[PDB]
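The block underneath contains the structure these notes are about, expressed in structure tokens.
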Amino acid sequence: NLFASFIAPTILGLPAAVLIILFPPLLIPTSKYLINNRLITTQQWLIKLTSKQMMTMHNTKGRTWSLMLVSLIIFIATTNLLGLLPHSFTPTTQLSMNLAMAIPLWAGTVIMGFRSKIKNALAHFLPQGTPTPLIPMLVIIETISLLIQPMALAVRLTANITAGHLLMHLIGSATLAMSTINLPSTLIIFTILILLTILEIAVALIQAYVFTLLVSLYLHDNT
Amino acid sequence: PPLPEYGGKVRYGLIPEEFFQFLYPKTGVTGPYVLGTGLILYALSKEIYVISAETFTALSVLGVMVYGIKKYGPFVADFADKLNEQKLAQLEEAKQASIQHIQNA
Amino acid sequence: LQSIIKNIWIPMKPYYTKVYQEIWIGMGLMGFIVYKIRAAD
Amino acid sequence: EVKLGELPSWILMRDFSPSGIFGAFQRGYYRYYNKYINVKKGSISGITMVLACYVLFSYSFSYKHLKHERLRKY
Amino acid sequence: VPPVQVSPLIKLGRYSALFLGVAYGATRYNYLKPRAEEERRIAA
Amino acid sequence: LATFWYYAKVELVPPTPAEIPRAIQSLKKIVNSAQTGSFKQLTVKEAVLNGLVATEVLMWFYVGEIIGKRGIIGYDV
Amino acid sequence: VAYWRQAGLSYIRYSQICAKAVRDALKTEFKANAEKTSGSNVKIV
Amino acid sequence: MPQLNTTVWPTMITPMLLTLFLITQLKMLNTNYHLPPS
Amino acid sequence: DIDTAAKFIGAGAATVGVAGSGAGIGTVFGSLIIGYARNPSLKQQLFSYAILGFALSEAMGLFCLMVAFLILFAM
Amino acid sequence: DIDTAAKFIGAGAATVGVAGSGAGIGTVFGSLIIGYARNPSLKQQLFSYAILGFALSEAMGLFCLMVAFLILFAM
Amino acid sequence: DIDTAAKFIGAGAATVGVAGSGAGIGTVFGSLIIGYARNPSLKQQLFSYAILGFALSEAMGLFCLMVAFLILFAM
Amino acid sequence: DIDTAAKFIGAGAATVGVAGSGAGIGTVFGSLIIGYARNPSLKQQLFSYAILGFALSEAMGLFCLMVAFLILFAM
Amino acid sequence: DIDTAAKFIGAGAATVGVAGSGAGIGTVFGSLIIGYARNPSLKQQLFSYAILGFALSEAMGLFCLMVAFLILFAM
Amino acid sequence: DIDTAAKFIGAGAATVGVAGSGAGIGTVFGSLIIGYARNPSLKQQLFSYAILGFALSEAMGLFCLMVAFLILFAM
Amino acid sequence: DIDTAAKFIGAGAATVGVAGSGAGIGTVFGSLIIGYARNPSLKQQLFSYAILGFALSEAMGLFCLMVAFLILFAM
Amino acid sequence: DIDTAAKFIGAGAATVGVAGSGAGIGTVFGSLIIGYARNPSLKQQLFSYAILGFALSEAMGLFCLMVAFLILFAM
Ligand SMILES: COc1nc2ccc(Br)cc2cc1[C@@H](c1ccccc1)[C@@](O)(CCN(C)C)c1cccc2ccccc12
């Protein structure tokens, strides 16, 4: 009854969760022209400013992912922002979807660190200026954290959009309860919901930039 | 082909003007408006749109949206133009220069 | 079913073959996890 | 095309193929895109009218849940 | 823009269905008001 | 303000008795459309328009429904 | 990075006003003597 | 927690892969930045 | 029931970990105030670090709300 | 009896998480004193960062009162 | 009566939240001693930020004493 | 009796609030050392801040001992 | 009966050790902001330490989260 | 006997307030290094502040161990 | 049983000591950024102090994880 | 029994005191890197304080690992 906005949506027995995951790309029109409209002029600028941010820090092999790590910050920042609409089912609150964006991009990042350049990837586990006599303890950290980075991504994003929606939905129910009670209090609980919606707008973008930065930093440490 | 210069003249960013003119003749100026209040008051009376916690999270994300549009609209409205009348001028300029490098030559 | 080659795979050809080759090796790992998680449930 | 027809045969006149109704969306998209989005000096209302038709869809499937929270019973 | 004369049957039809409503709003209000209180009482 | 009132004073007012004859005249118009089938003459353009104005006037019955009970959200009891 | 450095000035221009301010607050017994021992006469071509 | 109902996971995994990897990227390959002229 | 009663103790104890991330957002947004009064020309590059520090510290608090809700509701 | 009792043990143990927001607000308004004594011309630019760093502390302070509410009322 | 016994551990554990407002008033008046040593000319304006930063951190501390005095006396 | 057993866990948990006033006195008398080593000409004024800051820090720490000695003995 | 009830309390306590990493990652990215604003020509080498610090503080917090589950699920 | 077994919890939980002092002594002797690496000719007077701070925080770390020994044996 | 039950709250609360080594590794690797932004020509000697501080703070974390795995499986 | 059960909860909640001996050892060696990078001419005398601070904050951690091994083995 409380987690209702996270159950897979179905209308007329049809799994409507597919027309919701495939919609974000519909808000990004493209054109071959040279001078287009305001939408594609602002979007092609954001993609320019974004790609120059995540990708500048990479070498030539890391920059071959400049289509992936840009088409990923565009898909997470548009799925989150389409979740703040009323009653909307944002599929980034799903541990299934988030585990499907996290494991491949991570596994495909350490594999290229183990299928090639492996002898160099063996040197990140042991920092440069490290004395020896307590190495058999540090080996646990750099591996067990590596083995849990793919689950850090998918849960840092799941637990931040879920908890952001749960809070806005509870504080919302508060204003509904104090509506039939002292009303000058309703307006102070509501203005908390407004400052909270401006926060959930920012955390809708920040959680997209951090997800695609930590996938970038994993890549930078394997190319 | 050249793009047009204006869109669809939509009122309240939700209902296009092709609707008001479509109902203006038979029902007049206040025709479509009273339909709105007629549907909303019917919706939330027969519990079609049931007031829930989402009602007050709707008004908030609609309040921030209608205020971000009114406060940051005109700034983005022209910034999208200046990116063009710069990229346009940046071409026409070099275009003329590219003649000097062939006129002098 | 043409232009599914031209519009849909001709562009993605240099990526789906060379660049994202190790992605799919990871995407197999993921599919093994999802089925296993659903197998124990 | 409709908005000027009157017959119930039009419902069966149309091309109801897997490629048929797609061309009715791809043409229904370019008729919208060209009207509100693909113009210089376009306004935000080309988008805030898609979201408004995306909430009504996000609410339509979410009504089977909100009905358990009516504050009346009649 | 000057106002427009609305068709007559629609013009009174508003008040036609209006008083039909306040009547129907009176009947079912007085029909459900008694029925409810015992369901609230018998719920105890 | 005054603009909504400036327009209300023409069509948001009780009708004249002189319009009742021509009102039932149009009532007989659409009923003859039901007898022989002049509904087949209607193109979809104004066909929906007659439907919306029907839902238009129908909501008057519901805003009158809620005023006959002094309650907005459903029946108070 | 102070405000004047953001405003284009340099520490020489900063010091010329701070030192002028001290002299402008000197008393008349010393203000005449102190101004000529530090006044400027050089000129740019 | 309805995120744990693993019966509707393949309904979230496949339409994501069909978007993050084929539809969103295809629309990026159409966004090109030409080099400036002389 | 002692099993359903022990859920409220663990769930209420699990969410104490949000005290950590509530104290690391004051360090970040406190360091931004210090680091911006020393090089106010880097205003945009510092704020791009207050963001990464915000989300990576706050994330560690929600890992406690995860177990606060994994216990309280989903066993 | 134990179910309605195990809530005060879980509710009170959940409003501890706002301790982190008492230290996060200290470090924020503690760096506004250090950052303003360094560049007293940015008194209005820094103070707007302190209000931002202070507001974001209530954010992580509310995530606790939520789980302190659910355990207490909406079990 | 396991009811009023759980209202003791509630107030007893809900008052641990004051450990934040004890280490937040330490960083406000601690960083006032540091910031005032650098620019002692602003003694007045710094002390007006300490009182503002001490209260905003102590407020988040009294809210725990207010909660501990609800689980114990009110309900 | 269980109340006599709950008053012990109620008090033994309230005294954890003193852990704040123990890290908040190390930040006041730790920022006097950093603040005095810089400007040692203000020793008689930096100190009279490290007494206000030390009194306003143990105050919020002795509340949690007053609460302990209010649960443990005095109802 | 109680052997499972204790696995909801022992797991709710183990997961509060993550609070030590919500404050660690804040100190790491609260120093990448200060340290940068002083020597902004070492951005490539400071960030390479803020990541080493973010990974080593998070690696301690996630030990708690692993003992949280290794108690709640394994034994 | 539920009370004698409760004393082992209230006395084992009161002694975690010591973790406040132990963190306010590393701040003091970590500020003595930052304040002595700047003005080392003050080594005498700094060390007479790193003892007033060490002996004022570690007094709060003893008020906790005082209640830990007040519940464990004095009752 | 009540032994196999309490040995889960014990080994589940003993592992909160890792919350120390979470914020001790965040300060060591946080101040290494500030120690390097100041004197980057000592990068080899600084990083050898960070690894000493990372191995001595984490060793206090292991001493807690060592106890939780002592009152669980050892005895 | 009920005692041998609570003896594990008290000895577990007491060794959380090490969480303050892990944030101290972190701050001491966090200032040894900052203090030595500022005045590397004092390497031998700054390090002679970072051993005192290491031993004095870790002495409050032993006070908790001692009261843990008192309820656990002595009584
Ligand atoms: C004024 O205080 C605030 N400032 C904020 C600043 C920014 C943001 Br984004 C959220 C803020 C939220 C609030 C309060 C608030 C007031 C009304 C409704 C909701 C929230 C608060 O949450 C305090 C948060 N602290 C204490 C954890 C609160 C919650 C619950 C009960 C309270 C009782 C009394 C006082 C405050 C109470």
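Here the Cβ is made from the backbone with ideal geometry for all residues, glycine too, and neighbour counts use every protein chain on show. None of the figures in this text is laboratory data; all of them are computed from the coordinates on show.
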Kindly indicate whether any position in segment J:28-35 is over 30 Å from I:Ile71 (Cα atoms) and more than 7 Å from chain K (Cβ to nearest Cβ).
yes
Qualifying positions in segment L:33-48 - in contact with a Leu (Cβ under 6 Å, 6 or more places away or on another chain) and under 21 Å from N:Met60 (Cβ atoms):
L:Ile33
Here is a check on your reading of the model: is F:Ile30 within 30 Å of D:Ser9 (Cα to Cα) and part of a helix (DSSP H, G or I)?
yes
If you check D:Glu6 against the conditions, is it among the acidic types (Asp, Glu), surrounded by 11 or more Cβ atoms within 10 Å (Cβ to Cβ) and in a loop (DSSP other than H, G, I, E, B)?
yes
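Taking segment J:39-55, which residues are facing another protein chain (nearest Cβ under 7 Å), closer than 17 Å to I:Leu46 by Cα and not aromatic (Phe, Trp, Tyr)?
Result: J:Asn39, J:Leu42, J:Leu46, J:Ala50, J:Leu52, J:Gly53.
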Can you tell me which residue in segment K:48-75 is farthest from the chain's Cα centre (by Cα), limited to those that are among the small types (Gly, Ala, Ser) and within 16 Å of the ligand (Cβ to nearest atom)?
K:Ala74
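Quick grid of which residues meet (1) free of Cβ contacts under 8 Å to residues at least 12 places away in the same chain; (2) in contact with a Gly (Cβ under 9 Å, 6 or more places away or on another chain); (3) surrounded by 15 or more Cβ atoms within 10 Å (Cβ to Cβ); (4) facing another protein chain (nearest Cβ under 7 Å):
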site	(1), (2), (3), (4)
B:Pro2	yes, no, no, no
B:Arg11	yes, no, no, no
B:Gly28	yes, no, yes, yes
B:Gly36	yes, no, no, no
B:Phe56	yes, yes, yes, yes
B:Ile69	no, yes, yes, yes
B:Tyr72	yes, no, no, no
B:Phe75	yes, no, no, no
Limited to segment B:12-60, what total is found for residues that are outside any loop (DSSP other than H, G, I, E, B) and aliphatic (A, V, I, L, M)?
11
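A:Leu183 - would you say it is within 14 Å of chain B (Cβ to nearest Cβ) and among the hydrophobic types (A, V, I, L, M, F, W, C)?
Answer is yes for this residue.
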For segment A:199-212, give me the residue count where each residue is within 16 Å of the ligand (Cβ to nearest atom) and in contact with a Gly (Cβ under 9 Å, 6 or more places away or on another chain).
5
Scanning segment F:1-26 residue by residue, the ones that are β-branched (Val, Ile, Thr) and in a helix (DSSP H, G or I) total 4
Counting just the residues of segment I:13-23 that are facing chain M (nearest Cβ under 7 Å) and over 17 Å from K:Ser21 (Cβ atoms), which one comes out surrounded by the most Cβ atoms within 10 Å (Cβ to Cβ)?
I:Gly17
From the list P:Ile71, P:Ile9, pick out the single residue that is in contact with a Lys or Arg (Cβ under 7 Å, 6 or more places away or on another chain), over 25 Å from O:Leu52 (Cβ atoms) and aliphatic (A, V, I, L, M).
P:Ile71
Consider segment J:26-47. How many of its residues are over 15 Å from I:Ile34 (Cβ atoms) and either assigned to a helix (DSSP H, G or I) or within 9 Å of the ligand (Cβ to nearest atom) (or both)?
1
Give me the residue from segment C:20-41 that is exposed (fewer than 15 other Cβ atoms within 10 Å of the Cβ) and farther than 27 Å from A:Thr64 by Cβ and, out of that set, nearest to the chain's Cα centre (by Cα).
C:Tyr35
Pairs, first in contact (Cβ under 8 Å) with a residue 12 or more places away in the chain in segment J:43-58, second within 8 Å of the ligand (Cβ to nearest atom), C-beta under 6 Å, six or more apart:
J:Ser57/J:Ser21
Which condition does O:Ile2 not pass, out of (1) crowded, with 20+ Cβ neighbours inside 10 Å; (2) farther than 24 Å from P:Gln44 by Cβ; (3) facing chain P (nearest Cβ under 7 Å), if it passes all the others?
(1)
For P:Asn39, the lone unmet condition from (1) in contact (Cβ under 8 Å) with a residue 12 or more places away in the chain; (2) over 25 Å from O:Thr4 (Cβ atoms); (3) surrounded by fewer than 24 Cβ atoms within 10 Å (Cβ to Cβ) is (1)
Residue selected from segment C:10-19 under the condition under 16 Å from H:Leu18 (Cα atoms) and surrounded by 14 or more Cβ atoms within 10 Å (Cβ to Cβ), by the criterion farthest from the other protein chains (Cβ to nearest Cβ)
C:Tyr16
When segment H:1-29 is checked residue by residue, the ones that are hydrophobic (A, V, I, L, M, F, W, C), over 11 Å from the mean Cα position of the chain (by Cα) and outside any helix (DSSP H, G or I) are H:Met1, H:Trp9, H:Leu29
Selection status of O:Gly10, closer than 20 Å to P:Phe47 by Cβ and at the interface with another protein chain (Cβ under 7 Å from one of its Cβ atoms):
no
Against the condition crowded, with 22+ Cβ neighbours inside 10 Å, within 11 Å of chain B (Cβ to nearest Cβ) and part of a helix (DSSP H, G or I), how does A:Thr175 come out, does it pass?
yes
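Could you tell me whether A:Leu166 is in a helix (DSSP H, G or I), within 11 Å of the ligand (Cβ to nearest atom), at the interface with another protein chain (Cβ under 9 Å from one of its Cβ atoms) and closer than 22 Å to J:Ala68 by Cβ?
So A:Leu166 does not fit the description; no.
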Could you tell me which numbered condition A:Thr191 fails, if it satisfies all but one of (1) within 20 Å of I:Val67 (Cα to Cα); (2) within 15 Å of the ligand (Cβ to nearest atom); (3) among the polar types (S, T, N, Q)?
(1)
Determine the pairs where a residue that is surrounded by 12 or more Cβ atoms within 10 Å (Cβ to Cβ), located within segment D:21-34, has a partner that is not polar (S, T, N, Q) with Cβ atoms under 7 Å apart, the partner being 6 or more residues away or on another chain.
D:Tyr33/A:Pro29
Filtering segment A:44-61 down to residues that are over 21 Å from I:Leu52 (Cα atoms) and touching a residue at least 60 places away in the same chain (Cβ under 8 Å) yields A:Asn59, A:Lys61
